[PDB]
Amino acid sequence: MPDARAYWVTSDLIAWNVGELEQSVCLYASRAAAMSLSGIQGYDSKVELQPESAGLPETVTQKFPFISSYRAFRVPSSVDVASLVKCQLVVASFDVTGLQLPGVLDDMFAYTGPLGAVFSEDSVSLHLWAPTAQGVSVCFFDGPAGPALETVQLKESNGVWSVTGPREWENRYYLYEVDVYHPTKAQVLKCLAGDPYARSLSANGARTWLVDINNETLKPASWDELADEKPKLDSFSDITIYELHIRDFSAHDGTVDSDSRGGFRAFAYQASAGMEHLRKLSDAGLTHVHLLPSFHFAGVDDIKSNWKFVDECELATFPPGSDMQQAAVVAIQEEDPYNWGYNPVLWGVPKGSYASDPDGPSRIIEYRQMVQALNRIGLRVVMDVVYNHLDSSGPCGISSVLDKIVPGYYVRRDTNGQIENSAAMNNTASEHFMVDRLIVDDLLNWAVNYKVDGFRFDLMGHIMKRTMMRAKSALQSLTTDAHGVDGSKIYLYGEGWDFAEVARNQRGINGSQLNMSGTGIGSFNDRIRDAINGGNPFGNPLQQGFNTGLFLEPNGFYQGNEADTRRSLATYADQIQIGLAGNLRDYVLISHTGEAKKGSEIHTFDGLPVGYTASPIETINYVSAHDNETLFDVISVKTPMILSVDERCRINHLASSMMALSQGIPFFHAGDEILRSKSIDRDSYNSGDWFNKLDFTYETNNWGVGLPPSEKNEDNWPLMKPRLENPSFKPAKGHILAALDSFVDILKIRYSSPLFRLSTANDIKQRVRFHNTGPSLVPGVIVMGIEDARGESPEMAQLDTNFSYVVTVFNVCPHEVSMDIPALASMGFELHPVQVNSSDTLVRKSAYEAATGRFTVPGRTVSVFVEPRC
Ligand SMILES: OC[C@H]1O[C@H](O[C@H]2[C@H](O)[C@@H](O)[C@@H](SC[C@H]3O[C@@H]4O[C@H]5[C@H](O)[C@@H](O)[C@@H](O[C@H]6[C@H](O)[C@@H](O)[C@@H](O[C@H]7[C@H](O)[C@@H](O)[C@@H](O[C@H]8[C@H](O)[C@@H](O)[C@@H](O[C@H]9[C@H](O)[C@@H](O)[C@@H](O[C@H]%10[C@H](O)[C@@H](O)[C@@H](O[C@H]3[C@H](O)[C@H]4O)O[C@@H]%10CO)O[C@@H]9CO)O[C@@H]8CO)O[C@@H]7CO)O[C@@H]6CO)O[C@@H]5CO)O[C@@H]2CO)[C@H](O)[C@@H](O)[C@@H]1O
Ligand SMILES: [Ca+2]
Ligand SMILES: [Ca+2]
Ligand SMILES: [Cl-]
């Protein structure tokens, strides 16, 4: 983008950071974009701006904090602002620079009326917001491939272009022809653009399909009664999440027909191994499946005849630590069917590559059939929404839509006018009114038109808090009577990471972890993640954590002396325990020094509070996700090499059990339960089906299938190779099935007692106690007690009709421990019936001794004890 260091913030105010003396500022305009530097030449009009020593007003400095110190310049009322914003514009001092227009575009043209296509009994109308455009027409087509049918002009009213046609316009395909000034090219360009409000598209979004989303033929059988069939959700506190990629789910599933693998239709195969797997988890108590991006994204061709694949039989013959597998994958990675999909083009349309036919209605109906089928096996559906950036910007290319139409508006820019890229590329600006509008409108589209049950917000910290809250309110007020869905059950969460240009609320109060405290919107708890696994996404891969052998089982990487590692372990245990108690600001823990500390008073990187939430439903507790190494892989990297796979399997279980028995909302990565490996790939977004294999035959976990792709992994290839080559690292089917069995059981334990899912911070503060704390704590053990009403005259409600007390012991030590808790002596504790009947013979040996309150727990085991009310 070229130089644009001034801002047109309101109809009558311009902001520019020039010095006092620099009283001679003028605004130049050229409709045909013909200006040059002399003194400016080739302008239609020149107007002097009167300086404003009142400074920028409250509303401007609140909306754009980062420019709050800029000098304000008054635009004379003689200026025709509507005409000027359609021109090439510069201001000059006596230094020349362009103008960033979003402030004035919102001030004058913020619009709440219909956008996209509106269907009435006798007509179809199209509406497009494009206040800077000099002209807008619509080019129609009869079909996704054929020649032009006709072009119709749209007429502008207050920034919005519209036209109304007959009802027979329905099912045509179309594009907008938009004449608009593009700063990056310094020309008025005729751009061919899709509809931001599209509901369907031809292959690759080349054309927009003028479809009526309410048409009966787009509805699966019994679609309108899906609300009645949706699984009950009594509380957000009952949520558990399973994070799954649509292609991963069925790409390798032989029980699905070959022509129907990798997409929406695969979820209709109820008897498939994959759907039987999800049924098993759902039956054990899992409530939500979070699907990776499933809207129209770039990086996968919708046209299946262009898809390329590796020779799977050849690659199977290569050695487990060879670099040849990744070479073959990388050779086709730009042309294969695979991508996570974090490359947004149009948010409101199902991804064509996941449909049976990317032209016509299959993408709509099949998406609905997917939601319906998941709901029918007891699972609510969460969509991974990516509102923080766009795949592309500018006037050219199939993958640029929003920035084609209103350049420099939907995207966030720096103080020189260059597009911000911290999210990946082409960061959006939800701080702008129509971006905020599009985000909320899209969410309501998915909630109402596809009956989606929740949303995970990618880089929520890059979205304005006001956008998140307005969305939350709109979604949760939807009703079955008015909209066909119970909005009160719709749950929102996201990545509240706080970095780059949105840090320190520089663009407004953003959706960071700290800012979302007290909003009821979940965010990923990175503190528990890193405390359990060790290190961080950017640190040394060998840095150990609570569950990967820090102090207890050192791996040979130097991490201080024995006192240092013991202290680091205890510090991590503090952070874990705050997390296990819902990661609350106000929860009081006896810290490892002996000092009682609130969750907010225990600090992490940059002195920030470990516990930052106001409620447990604000905490998404996780140790694994699609990003970074899988749970199996991180454990395989960090633990001592000499551990057996049997031992590491127990360690995998410990990690997922800490999540499954935590207060707040547990989050599991698809494959946690079956030891899923990516052969240590840290960023597998483009590593294809080969490295992302989800094997529901349970014969393999995909460990030892070659070094992962060099671009993101080569620096760590030396640590990976000997591990991938070592046959003792690889689990067999027996291990995989045992991992699944123990995962199902811990879910069952979570849902066996309301005490694991307390709904408020007050409840957690009153009921949750940790019993192995302080400087003399027993290393490698966490003891978590949860109290219910007991005796006559209780100080709390009775939440659990079966149990009056629950105690969980997480023992990561490679030996049995005996934990004496005198305060829990002389009580009726016994092993949880699920564990009494476990297929794992070791956990059955767990015991309680009444006289001393001793809980005896085997090595590498989580033991749950309950006090029956009988
Ligand atoms: O990318 C453009 C962008 O880069 C910078 O912004 C980064 C920022 O500086 C950084 O802190 C994080 S912020 C998001 C993050 O927040 C928490 O993380 C905290 C850590 O837990 C904590 O330890 C501490 O981190 C420090 C490290 O310990 C320290 O070693 C040092 O890190 C170096 C690193 O050693 C070096 O290699 C390099 O990193 C590059 C990587 O090597 C590349 O792989 C790539 O990174 C990718 C990454 O592979 C992807 O997975 C994806 O990252 C995701 C994570 O997976 C998520 O978990 C999440 O990260 C959170 C943590 O979870 C949370 O605990 O979001 C990430 C972003 O979506 O994408 C990455 C980017 O492509 O590229 C990086 C290049 O940076 O450099 C780093 C230092 O930058 O220093 C850090 C302290 O800074 O504090 C953390 C909190 O700050 O990531 C930002 C995005 O990359 C520029 O500042 C910014 O202006 C620019 O626009
Ligand atoms: Ca269920
Ligand atoms: Ca790919
Ligand atoms: Cl396929």
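The figures that follow rest on heavy atoms only: side chains count, while hydrogens, waters and symmetry mates do not. In this chain, numbering begins with 1 at the start of the sequence shown.
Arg750 places a side-chain N or O within 3.5 Å of a backbone atom of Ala660 that can act as its donor or acceptor partner. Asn811 places a side-chain N or O within 3.5 Å of a backbone atom of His815 that can act as its donor or acceptor partner. Although no hydrogens or angles enter the test, the distance criterion places a donor-acceptor pair under 3.5 Å between the side chain of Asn426 and the main chain of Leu390. When atom types are taken as modelled, the side chain of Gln577 and the backbone of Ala573 share a donor-acceptor pair closer than 3.5 angstrom. Between the side chain of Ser282 and the backbone N or O of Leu278, no donor-acceptor pair lies under 3.5 Å. Using modelled atom types, one side-chain atom of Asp695 and one backbone atom of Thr700 make a donor-acceptor pair closer than 3.5 Å. Remark: side-chain polar atoms of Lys712 are not paired, donor with acceptor, to backbone N or O of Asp681 under 3.5 angstrom. Side-chain atoms of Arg650 never come within 3.5 Å of backbone atoms of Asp646 as a donor-acceptor pair (strictly under, hydrogens ignored). Between the side chain of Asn772 and the backbone N or O of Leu777, no donor-acceptor pair lies under 3.5 Å. A distance-only check finds a donor-acceptor pair linking the side chain of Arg261 to the backbone of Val256 [under 3.5 Å].
With ring centers used as reference points, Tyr493 lies 6.0 Å or more from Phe455. Between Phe546 and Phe810, a ring centre-to-centre spacing not shorter than 6.0 Å is recorded. Ring centers of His626 and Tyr342: under 6.0 Å apart, within the cut-off.
Applying the 6.0 Å contact sphere to NZ of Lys748 captures no more than 12 heavy atoms from other residues, nucleotides or ligands. Heavy-atom neighbours of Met324 CE from other residues, nucleotides or ligands within 6.0 Å: at or below the threshold of 12. More than 12 heavy atoms of other residues, nucleotides or ligands shown are found within 6.0 angstrom of CD on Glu276. For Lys730, the NZ atom counts as loosely surrounded, since its 6.0 Å shell holds 12 or fewer non-hydrogen atoms of other residues, nucleotides or ligands. Other residues, nucleotides and ligands contribute over 12 non-hydrogen atoms within 6.0 Å of the CD atom of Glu699. More than 12 heavy atoms of other residues, nucleotides or ligands shown are found within 6.0 angstrom of CG on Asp311.
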For a ring-ring contact (aromatic ring centres under 6.0 Å, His included) check, start with the C-alpha distance between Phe524 and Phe667, then their side-chain angles and the critical distance, and finish with the verdict.
CA-CA 9 Å; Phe524 286 94; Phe667 175 103; 4.9 Å; yes
Should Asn204 and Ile303 be marked as a side-chain contact (heavy atoms from CB on, under 4.5 Å) after you check the CA-CA gap, both sets of side-chain angles, and the distance that decides it?
CA-CA 8 Å; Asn204 298 316; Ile303 305 165; 3.7 Å; yes
Working for salt bridge (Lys or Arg N to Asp or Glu O under 4.0 Å), residues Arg676 and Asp248
CA-CA 12 Å; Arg676 178 191 191 171; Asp248 288 350; 2.9 Å; yes
Where do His288 and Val381 land on the side-chain contact (heavy atoms from CB on, under 4.5 Å) test, with the steps shown first?
CA-CA 6 Å; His288 289 68; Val381 178; over 6 Å; no
Salt bridge (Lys or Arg N to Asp or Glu O under 4.0 Å) between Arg860 and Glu553: does it pass, once the steps are laid out?
CA-CA 12 Å; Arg860 311 191 197 283; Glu553 294 180 286; 2.8 Å; yes
Should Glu243 and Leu291 be marked as a side-chain contact (heavy atoms from CB on, under 4.5 Å) after you check the CA-CA gap, both sets of side-chain angles, and the distance that decides it?
CA-CA 6 Å; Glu243 189 204 44; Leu291 298 176; over 6 Å; no
For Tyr698 and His277, run ring-ring contact (aromatic ring centres under 6.0 Å, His included): C-alpha distance rounded to whole Å, both residues' side-chain angles, the deciding distance at 0.1 Å, then the answer.
CA-CA 10 Å; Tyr698 314 119; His277 189 91; 5.6 Å; yes
Begin with the C-alpha distance, continue with both residues' side-chain angles, and end with the deciding distance and a verdict on ring-ring contact (aromatic ring centres under 6.0 Å, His included) for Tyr338 and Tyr685.
CA-CA 8 Å; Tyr338 199 91; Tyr685 77 106; 9.2 Å; no
Evaluation steps, ring-ring contact (aromatic ring centres under 6.0 Å, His included), between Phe668 and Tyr622:
CA-CA 7 Å; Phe668 308 105; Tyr622 79 139; over 10 Å; no
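Using a 4.5 Å heavy-atom cutoff, the side chains of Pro640 and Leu643 are in contact. At a threshold of 4.5 Å between non-hydrogen side-chain atoms, the residues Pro708 and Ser684 do not count as touching. Put simply, the side chain of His462 reaches to within 4.5 Å of the side chain of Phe499, judged on heavy atoms.
A ring-ring contact (aromatic ring centres under 6.0 Å, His included) check over residues 700-724, counting only residues at least two apart or in different chains, returns the pairs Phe632-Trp703, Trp703-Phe729.
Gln325 and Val705 get closest at one heavy-atom pair: CG-O, 3.2 Å. Closest of all the heavy-atom pairs between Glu495 and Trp497 is OE2-NE1, 2.9 Å. Summarising the geometry of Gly274 relative to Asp253, their closest heavy-atom pair is N-OD2, 3.1 Å, with the distance given to 0.1 Å. The two residues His290 and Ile241 come nearest to each other via the heavy atoms CB-CG2, 3.6 Å. The two residues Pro358 and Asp302 come nearest to each other via the heavy atoms CG-O, 3.6 Å. Heavy-atom minimum distance, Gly579 versus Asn621: O-ND2, 3.1 Å.
For the atom pair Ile665 CD1 and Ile620 CD1, the distance stands at 4.5 Å (nearest 0.5 Å). Here CD of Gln544 is found 10.0 Å from CG of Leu569. Values are rounded to the nearest 0.5 Å. Here the OG1-CG distance, from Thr808 to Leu661, works out to 5.0 Å after rounding to the nearest 0.5 Å. For the atom pair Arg527 CZ and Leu608 CG, the distance stands at 6.0 Å (nearest 0.5 Å). For the atom pair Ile377 CD1 and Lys280 NZ, the distance stands at 13.0 Å (nearest 0.5 Å). To the nearest 0.5 Å, atom OG of residue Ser568 and atom NE2 of residue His592 are 8.5 Å apart.
Both tests pass for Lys351 against the ring of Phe297: distance under 6.0 Å to the centre and angle within 45° of the axis.
Checked for salt-bridge contact, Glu334 and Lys308 miss the test: no charged N lies under 4.0 Å from a carboxylate O. By the 4.0 Å N-to-carboxylate-O rule, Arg247 lies too far from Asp336 to be salt-bridged with it. In this structure, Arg566 does not pair ionically with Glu562, as no charged nitrogen and carboxylate oxygen lie closer than 4.0 Å. For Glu629 and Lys678, the salt-bridge test fails: no basic side-chain N is under 4.0 Å from an acidic carboxylate O.
A perpendicular orientation is assigned to the rings of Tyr354 and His245, their planes being inclined by more than 60° (bins at 30° and 60°). Below 30°, between 30° and 60°, or above 60°: for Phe264 and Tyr367 the angle between ring planes is above 60°, a perpendicular geometry.
Side-chain contact annotation: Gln326 with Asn713, donor-acceptor N/O pair under 3.5 Å absent. Side-chain contact annotation: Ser624 with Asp672, donor-acceptor N/O pair under 3.5 Å present. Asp458 and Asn388 form a side-chain donor-acceptor contact under 3.5 Å, judged by distance and modelled atom types alone.
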